[PDB]
Amino acid sequence: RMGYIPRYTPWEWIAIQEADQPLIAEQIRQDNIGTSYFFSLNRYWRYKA
Amino acid sequence: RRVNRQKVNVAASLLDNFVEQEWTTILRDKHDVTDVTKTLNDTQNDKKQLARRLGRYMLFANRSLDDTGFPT
Amino acid sequence: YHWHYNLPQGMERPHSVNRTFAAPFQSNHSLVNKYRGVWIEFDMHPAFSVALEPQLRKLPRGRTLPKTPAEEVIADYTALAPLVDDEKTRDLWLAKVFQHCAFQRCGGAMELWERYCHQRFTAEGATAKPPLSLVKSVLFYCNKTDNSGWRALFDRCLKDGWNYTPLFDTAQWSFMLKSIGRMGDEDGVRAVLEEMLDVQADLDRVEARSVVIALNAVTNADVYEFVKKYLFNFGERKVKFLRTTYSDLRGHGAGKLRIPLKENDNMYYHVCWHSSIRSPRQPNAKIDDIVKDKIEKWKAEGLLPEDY
Amino acid sequence: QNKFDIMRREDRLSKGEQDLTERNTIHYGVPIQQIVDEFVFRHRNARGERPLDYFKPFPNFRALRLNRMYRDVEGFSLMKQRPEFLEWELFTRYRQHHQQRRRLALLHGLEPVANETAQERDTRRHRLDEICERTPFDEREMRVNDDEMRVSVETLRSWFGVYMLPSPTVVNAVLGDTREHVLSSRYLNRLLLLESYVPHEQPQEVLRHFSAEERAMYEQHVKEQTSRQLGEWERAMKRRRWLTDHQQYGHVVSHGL
Amino acid sequence: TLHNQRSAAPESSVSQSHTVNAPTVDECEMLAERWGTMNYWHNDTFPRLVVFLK
Amino acid sequence: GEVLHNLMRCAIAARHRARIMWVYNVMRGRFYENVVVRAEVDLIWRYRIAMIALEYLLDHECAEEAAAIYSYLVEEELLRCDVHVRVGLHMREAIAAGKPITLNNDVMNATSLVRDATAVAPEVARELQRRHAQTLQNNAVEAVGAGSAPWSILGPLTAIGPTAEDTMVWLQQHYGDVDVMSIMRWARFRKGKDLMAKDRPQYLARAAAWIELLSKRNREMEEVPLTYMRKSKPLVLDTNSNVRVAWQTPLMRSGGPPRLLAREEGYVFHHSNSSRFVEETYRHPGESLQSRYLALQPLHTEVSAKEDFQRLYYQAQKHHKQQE
Amino acid sequence: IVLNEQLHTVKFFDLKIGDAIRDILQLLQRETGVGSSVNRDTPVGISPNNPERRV
Amino acid sequence: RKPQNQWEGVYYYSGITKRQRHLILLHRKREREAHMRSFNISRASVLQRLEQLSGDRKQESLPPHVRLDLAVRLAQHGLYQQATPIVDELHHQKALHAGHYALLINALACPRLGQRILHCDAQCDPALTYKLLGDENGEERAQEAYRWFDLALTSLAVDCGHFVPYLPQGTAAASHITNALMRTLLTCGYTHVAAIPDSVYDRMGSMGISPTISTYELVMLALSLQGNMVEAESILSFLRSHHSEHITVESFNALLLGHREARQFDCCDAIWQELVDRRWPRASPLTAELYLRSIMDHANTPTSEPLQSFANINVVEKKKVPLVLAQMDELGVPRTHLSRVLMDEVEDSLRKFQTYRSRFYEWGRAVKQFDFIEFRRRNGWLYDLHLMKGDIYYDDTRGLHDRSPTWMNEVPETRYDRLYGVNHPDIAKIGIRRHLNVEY
Amino acid sequence: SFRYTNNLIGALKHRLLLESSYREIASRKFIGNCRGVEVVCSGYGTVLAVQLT
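Residues numbered from 1 in each chain as written, not as in the entry; some residues may be left out. Chains lettered and ligands numbered in written order. Part of a larger assembly, values for the part shown. Heavy atoms only, no water.

As deposited, the entry is annotated with cryo-EM as its determination method and 3.3 Å as its resolution.

Where the PDB entry is consulted, chain I appears under the name mS58, with the organism given as Trypanosoma brucei brucei.

As recorded in the PDB entry, chain G goes by the name mt-SAF17, listed as coming from Trypanosoma brucei brucei.

S.K.: What am I meant to see in the overall build of chain I here?
M.R.: Within chain I, the regular secondary structure consists of one helix and three strands. Mapped in sequence order, the helices and strands of chain I form the string α-β-β-β. Relative to a compact globule of 53 residues, whose C-alpha radius of gyration would be 10 Å, chain I shows 19 Å and is clearly more extended. For chain I, the C-alpha atoms occupy an extent of roughly 60 × 15 × 10 Å along the three principal directions. With 53 residues in all, chain I has 8% of them scored as buried. Looking at chain I alone, contacts between residues at least 24 apart form 0% of all its contacts between residues at least 6 apart. Only carbon and sulfur atoms are counted for the fraction: they give 61% of the accessible area of chain I, which is about 4400 Å². (Helix = DSSP H or I, 4+ residues; strand = E, 2+ residues; numbered from the N terminus. Rg over C-alpha atoms; globule rule 2.2 N^0.38 Å. Buried < 20%, exposed > 50% of the residue type's maximum accessible area, 1.4 Å probe, protein only. Contact = heavy atoms within 4.5 Å. Areas by Shrake-Rupley, 256 points an atom, 1.4 Å probe, with all protein chains shown as cover.)

S.K.: What is the right way to read the sheet that holds strand β5 (residues 243-246) of chain F from this model?
M.R.: Pairing between sheet strands relies on hydrogen bonds along the backbone, with the strands arranged either parallel or antiparallel. Residues and elements named next belong to chain F. If you walk across this open sheet you meet the four strands as β4-β5-β6-β7, and the pairing is mixed. The open sheet is flanked by β4 (232-233) and β7 (300-302), the only strands paired with a single partner. The pairing of β5 with strand β6 (residues 276-280) spans three bridges and is classified as parallel. Its bridge partner being in β6, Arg-244 is matched across the sheet by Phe-277. (Pairing = 2+ DSSP bridges.)

S.K.: For this particular structure, what's the right way to read the interface of chain F and chain H?
M.R.: Quite often, the size of an interface is put as the accessible area lost when its parts meet. Contact residues are listed per partner, giving 59 residues for chain F and 63 residues for chain H. In total, chain F and chain H occlude about 5500 Å² of area from one another, counting both sides; carbon and sulfur atoms represent 62% of this. Looking only at chain F, the three residues that lose the most surface to chain H are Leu-154, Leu-226 and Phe-269 of chain F, adding up to 14% of its buried area. The tally of links from chain F across to chain H stands at one salt bridge. Between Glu-220 of chain F and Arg-183 of chain H there is a salt bridge whose closest N-O contact spans 3.6 Å. Here chain F is connected to chain H by 30 residue pairs in polar contact. Counting residues per element, the ones that place at least two in the side of chain F that touches chain H are α2 (17-28), α5 (63-75), α9 (164-174), α12 (216-221), β3 (228-229), α13 (262-265) and α14 (309-321) of chain F. It is α14 of chain F that contributes the most residues to the side of chain F that touches chain H, seven residues altogether. Tallied by class, the residues present in the side of chain F that touches chain H amount to 30 nonpolar, 17 polar and 12 charged. (Buried area = accessible area lost by both parts, 1.4 Å probe. Salt bridge = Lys/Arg side-chain N within 4 Å of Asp/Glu carboxyl O. Polar contact = N/O pair within 3.5 Å; in protein donor to acceptor, adjacent residues only side chain to side chain. Nonpolar A, V, L, I, M, F, W, Y, C, P; charged D, E, K, R; others polar.)

S.K.: Would you take a moment to explain the pairing of β6 of chain F for this structure?
M.R.: For a regular strand, the rule is simple: side chains alternate between the two faces of the sheet. Residues and elements named next belong to chain F. With respect to burial, β6 is a largely interior element, four of its five residues being buried. Pairing between β6 and β7: three bridges, direction antiparallel. When the sheet's bridge partners are listed, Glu-279 is paired in β7 with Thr-301.

S.K.: Even after reading the chapter, I still don't get the state of the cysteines, so can you show me in this structure?
M.R.: Disulfides are covalent bonds that link the sulfur atoms of two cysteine residues. Across all of its chains, the model carries zero disulfides over all chains by this definition. A disulfide-free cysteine, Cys-120 of chain H has its sulfur positioned 8.5 Å from the sulfur of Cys-124 of chain H, the nearest such atom. (Disulfide = S-S within 2.5 Å.)

S.K.: When you look at unusual backbone geometry in this model, what are you seeing that I'm missing?
M.R.: What you tend to see is this: most non-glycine residues have negative phi, and most peptide bonds are trans. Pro-168 of chain H follows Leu-167 of chain H through a cis peptide bond whose omega is 0°. Cis geometry marks the peptide bond from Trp-280 of chain H to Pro-281 of chain H, where omega comes out at 5°. Here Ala-146 of chain F, not a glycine, exhibits a phi torsion of approximately 55°, which is positive. Counting through the fold element by element, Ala-146 of chain F comes out in the loop between α8 (112-144) and α9. Looking at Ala-146 of chain F, the relative accessible area reads 71%, which means it is exposed. A positive phi is found at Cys-110 of chain H, a non-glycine position, where the angle reads about 55°. Residue placement: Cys-110 of chain H occurs in the loop between α4 (98-107) and α5 (113-121).

S.K.: Sorry if this is basic, but what is going on with the pairing of strand β3 (residues 47-52) of chain I here?
M.R.: Residues and elements named next belong to chain I. Burial analysis of β3 places just zero of its six residues in the buried class, which makes it a mostly uncovered element. Note that strand β2 (residues 37-41) and β3 share five bridges and pair antiparallel. By the bridge assignment for β3, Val-40 is matched with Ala-49. In sequence, β2 turns back onto β3 through a hairpin of five residues, with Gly-45 there showing a positive phi of about 85°.

S.K.: Would you take a moment to explain a positive patch on the surface for this structure?
M.R.: Taken together, the side chains of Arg-28 of chain B together with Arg-228, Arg-235, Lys-238 and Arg-240 of chain D make up a positively charged region of the molecular surface. A per-element tally of the positive patch places helix α9 (residues 212-238) of chain D first, with three residues. With respect to the helices, strands and loops of the structure, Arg-28 of chain B is situated in helix α1 (residues 2-33). (Patch = residues over 30% accessible without salt bridge, like charges linked within 9 Å, V, L, I, M, F, W, Y side chains within 5 Å. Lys, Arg positive; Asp, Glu negative; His and termini not counted. Charge placed at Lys NZ, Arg CZ, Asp CG, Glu CD.)

S.K.: So what exactly am I meant to see when it comes to the sheet that holds β3 of chain I here?
M.R.: All names here are of chain I. Pairing in this open sheet of three strands is antiparallel, and the strands run β1-β2-β3 from one edge to the other. In the strand order of this sheet, the two ends are held by β1 (30-33) and β3, each with one partner. Across the sheet, the mean angle from the axis of one strand to that of its neighbour is 20°, orientation sign disregarded. (Axes fitted to C-alpha atoms, helices over the stretch in contact; angles between N-to-C directions.)

Here's what the structure looks like:
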């Protein structure tokens with residue numbers, strides 16, 4: 001070959017890069033209750049809106 | 001060892017032929033006996049009813065050495 | 001040197017560093033949600049709890065400490081505890097007033113141990129076994145008021161005795177070592193530190209102010225050599241923090257303690273030596289016959305003359 | 001480790017299936033796109049297995065791939081490994097005859113079904129045969145390809161005969177004018193009608209190692225097996241059936257007209 | 001050289017909701033309780049409304 | 001415990017079943033909140049939250065969600081805790097006067113909760129036998145299509161003996177997977193109202209529904225009779241892979257030779273969305289033009305995929321009754 | 001077959017000596033003392049297979 | 001400046017200490033002792049109850065319901081030999097009825113010995129409990145289950161003494177005892193779980209007993225333990241076509257268990273995604289246990305075609321564990337109803353693949369990055385895997401140069417600068433001035 | 001280290017349970033029936049009584 005550089009990253013190299021980094025828990029964004037109309041904008045001052 | 005492995009293969013196949021020959025015989029002859037103890041209300045034990053409640057006869061020629069007395 | 005722009009910009013090789021090295025969570029800050037106290041494990045049957053509910057109200061529950069003075073809850077256990085006919089209910093109730101008198105530092109609560117529990121647990125080879133909640137409460141009490149009655153109870157928790165030392169938490173050993181260093185028992189420090197190493201307790205997560213108090217009271221010569229080999233059991237992060245806390249507790253921050261430390265400089269110079277060691281850099285009979293044969297020769301040579 | 005999985009293994013190999021402990025590791029072994037690419041790389045673009053349309057200036061995606069034998073050659077009877085100068089062009093015309101029949105079945109709802117019963121299948125085929133014998137063969141759909149010659153139906157009827165590529169007067173004469181209609185399954189069905197009209201047996205050197213006491217039970221073993229095998233064989237050749245009117249078996253003696 | 005995993009053909013891209021197959025004998029029994037499209041009862045081949053009437 | 005109690009009460013009024021199990025999952029907690037933080041809900045409040053959740057899921061017949069909470073109560077031994085607070089409230093009043101108190105079996109049985117539970121218990125057992133006989137009869141007439149099937153001739157419930165002791169026998173041998181006395185004490189009150197003293201058939205309908213929901217043995221004995229699935233082998237002459245030679249029991253086809261077991265010939269469970277079942281013969285070849293070129297064409301006769309034994313027993317008895 | 005495995009280890013003579021030095025480099029970077037309390041499964045004064053292990 | 005690697009992951013803490021893994025192993029051994037202690041106390045209580053009613057009631061005949069209550073309690077605790085003389089005299093006195101026989105055969109499957117085997121021996125694997133219950137007299141309990149089935153059908157013919165040639169085979173009691181027989185035979189060895197879809201099922205068909213939904217689910221569970229998935233899905237396909245109202249959770253639990261034994265992990269994903277899609281019947285905690293264990297068996301499975309050239313590839317399947325646990329919060333499945341053996345491996349996957357928004361703002365700090373390097377430098381011998389050692393389809397003749405004006409659009413500044421003296425005879429072709437051709 | 005002592009504790013745990021269960025097999029009744037014939041046997045194989053129910 002003498003200079004083969006692939007233009008597609010292999011499936012092994014993709015799976016290694018995905019298995020090394022974690023996921024963010026807020027990416028699932030699931031919601032079943034509803035929006036807190038009274039409290040969610042008036043929570044504690046450190047984590048407030 | 002390899003010919004003595006064939007020695008137990010011809011000796012088990014004599015016995016495996018003898019067991020299921022009589023196991024078919026005592027089942028086909030009890031089929032014509034028709035022992036009726038249904039009015040007696042017994043414990044359902046018999047010569048046929050213990051033979052049919054026994055499982056499949058695992059053949060000695062299909063067994064390895066470990067199931068015929070040799071240790072692991 | 002670099003990568004040119006007309007080349008294919010593929011990933012050269014993948015890197016799996018987080019799956020080859022599984023690192024535990026290590027922060028220099030402590031955990032903000034930990035209890036930082038001795039837990040009692042209150043596990044009462046749910047019929048006596050609602051029955052003794054006006055009496056258990058003035059008692060410390062989970063993460064709650066009422067400010068009822070200790071002479072009222074002693075009088076509640078003096079009268080109402082003979083009425084309930086259950087052994088483990090009275091033992092769990094007595095563990096709460098031992099916890100309540102510890103937080104208010106009432107030294108007169110050791111009479112309750114001799115009144116009810118001494119004769120059936122710690123008197124004349126008693127075969128009965130006390131519950132774990134009762135032993136944890138009286139050892140936390142005797143360490144808080146600096147009572148000398150911990151020694152008869154700590155010897156009962158060994159492998160031939162009650163065998164409760166694998167059930168002790170890391171905060172139990174921190175309050176234990178602080179009281180022995182305050183009273184000044186040299187063999188009391190060694191018998192506990194030998195027990196903590198025999199039980200495989202979290203030696204790096206004991207309270208650092210508790211260790212430097214128990215090490216300050218080491219003055220006997222034979223137990224001082226025990227401390228020298230025991231100091232290697234701590235971690236390198238722990239042993240550099242024992243130097244900074246012991247230097248401040250005898251220096252500027254001496255007001256953090258209730259009673260001041262005593263000056264043990266031979267323990268201070270050894271801890272400062274041991275912390276610098278773990279940190280990176282920044283034939284008498286045969287010899288005496290040799291000398292006597294030489295003086296015998298020098299008198300024959302004349303180098304050691306007689307009286308002139 | 002467990003006797004449950006040990007008995008499951010010897011049961012599965014007796015059925016002739018895959019053992020589950022063999023599947024304990026995963027093999028994504030040698031995908032087809034890698035094997036083709038290393039075959040092309042080893043053979044220097046794999047000349048010879050490419051068609052002649054690959055060497056043309058504008059090849060489509062079916063010409064860039066290698067030559068394979070598809071499911072078109074499964075039905076052609078006179079197809080050889082080396083056709084003799086006119087057999088490939090008859091095959092391409094026979095293939096175009098089925099593609100028009102595939103078209104005509106979709107026009108009139110005569111495509112096959114997934115749960116198609118064989119009594120429903122042949123009536124669908126018979127309805128497809130009568131509807132394709134009255135439709136003329138379309139020559140515009142018949143396209144020449146890589147290397148074969150453009151030859152009309154007159155020369156193919158001249159060489160192979162009029163029975164190979166028939167006229168509607170021919171198919172009404174066989175089952176019962178120069179024009180071509182789509183072939184049917186019943187007409188070629190008639191054309192082929194007219195033209196055709198002991199366990200654990202051991203070698204002798206193992207028997208040489210046996211003693212005469214062990215040869216006696218060996219010959220007793222093969223005595224009981226071949227009596228059981230021939231005893232089972234004679235019950236198949238007897239064909240004696242149970243007569244319920246007398247509750248006894250019976251055997252046929254004579255056969256009349 | 002080959003693989004040890006379960007070899008399976010890819011799932012058919014044919015629309016199984018719109019393809020009306022041959023009527024089975026079990027389908028004819030519950031045909032009075034069957035919900036079908038207007039193309040189902042008035043199909044080109046095997047119409048199911050006349051089976052419901054027969 | 002009081003904050004999570006109002007969280008469950010908000011979930012009851014919002015009728016959110018997914019959040020009822022969420023508050024219950026937070027109430028149990030993990031190793032972090034219970035051991036490291038030492039912030040755990042006490043046993044009195046953990047009983048109150050799990051009870052009002054189990055009360056709603058049994059009233060709205062949520063079988064899998066009520067089985068999980070009842071599995072928590074048998075794990076934590078909270079089946080007899082409603083009487084424990086009742087004994088403890090009497091022990092609080094007795095220790096306030098100066099009398100000694102204790103906890104035994106005779107102290108628990110002397111309360112009004114257990115004495116009222118054993119008295120109504122014959123009426124609950126008759127309610128369970130009456131409701132099961134109605135559902136057994138409805139399973140038989142729906143198996144035919146409405147006459148009755150032989151499914152409702154002999155059921156799995158035996159007769160109740162004519163005494164209170166045989167009532168406790170009959171509830172323990174047919175509903176013994178759950179604690180039937182603890183369920184009837186839980187179903188006594190509803191929104192504060194004593195159903196056992198005021199609305200007697202409402203409590204009898206409520207207590208019988210809760211026992212039938214939590215019992216796994218009652219769920220297994222109240223099942224609708226299904227048809228018999230037949231095995232199948234592939235064809236000798238492969239036309240399609242979806243048509244198969246079906247296995248027919250001798251009850252379907254009477255007469256013929258006695259057959260062997262089905263797996264030896266090659267009959268297995270084969271079924272799909274487009275599967276069809278058939279009995280295949282071949283058309284008899286005579287002395288004609290067809291001798292060897294053909295594969296002896298597959299004459300087919302379509303058969304069913306199931307054997308409805310309840311309709312086969314009904315129609316044969318209908319031929320035994322309507323003919324005479 | 002035997003010559004291929006004999007020639008496979010003679011070219012790794014130089015790389016194993018450098019591998020032996022790299023083991024000494026990661027050895028001197030270890031934490032001093034008997035260890036740490038967080039990174040031990042065995043008690044210090046007891047053998048891990050001792051019958052009186054748990055006091 | 002030297003460039004940083006963009007394909008190198010961020011250093012973050014995903015692991016536990018050696019003390020914590022020892023403390024998890026020490027705590028899990030205590031509750032295995034607690035379930036061993038809980039079984040033998042109750043086993044000794046029913047044996048003391050047996051010898052009390054045999055010794056002091058030597059001549060006084062007991063009522064039949066007390067002997068029935070003790071017979072099921074002996075069979076539940078794995079004591080089948082102490083219960084067969086009790087059932088033999090109860091059948092002889094004709095005190096047993098239709099529901100009593102199904103109670104005794106269901107008790108013969110021992111649902112108290114299986115609770116000890118689950119928590120202690122099988123490591124909370126629900127598939128391994130059927131494999132381990134078959135060793136404690138699997139063939140012996142199967143013969144008595146066949147004998148009590150013959151005792152039941154003989155008693156049902158007496159209890160039924162129109163539909164007279166179709167009794168008792170058409171009643172509800174015949175299938176209930178047959179469902180009790182298949183439930184007991186599942187706890188036996190491999191020879192008896194193989195006989196459930198073949199021998200017991202054809203015997204039920206030859207006797208003419210109408211099956212129920214629990215009949216097919218035990219046959220599907222019997223074919224699940226054998227590893228035959230082409231027949232197990234075919235039974236539910238029969239249930240999907242004909243009887244779709246009565247399908248409960250246990251048919252899905254057999255298929256999640258069955259593809260776990262056959263190691264077809266792509267199939268068991270599609271069964272779980274189907275159960276999330278339909279949401280009826282409700283997902284039990286046995287559904288979440290059987291699916292999450294199939295993830296962990298797929299994650300710990302090594303591959304052999306790359307032969308692990310860099311790392312383990314199948315560990316990326318643990319990234320689905322925060323997705324499934326988020327689906328359990330909406331399906332109403334409590335995550336506290338998971339076993340202790342599985343919950344340690346679930347939290348193993350959580351600390352490896354999960355981060356919060358508060359941690360994601362602080363995980364890339366250089367203090368935490370350089371602590372990861374020094375902790376790898378100080379003690380990397382304790383935690384390392386290496387240190388242990390146009391339209392183209394209608395195009396064919398392309399239309400070239402279709403007079404598209406490039407002078408209406410304006411791209412005039414395309415000037416290129418080439419090196420001086422390309423064809424000059426005095427200037428050499430090769431040289432270090434050739435490196436000037438790559439400069440932008 | 002301590003391989004003989006740790007194997008001897010597991011060996012004597014095997015011998016203690018086989019001794020505890022041998023005292024229960026011998027102190028038990030093993031009744032077998034074929035057709036109404038109660039053959040009562042002990043753990044040592046001795047037939048105690050051949051009865052007929």
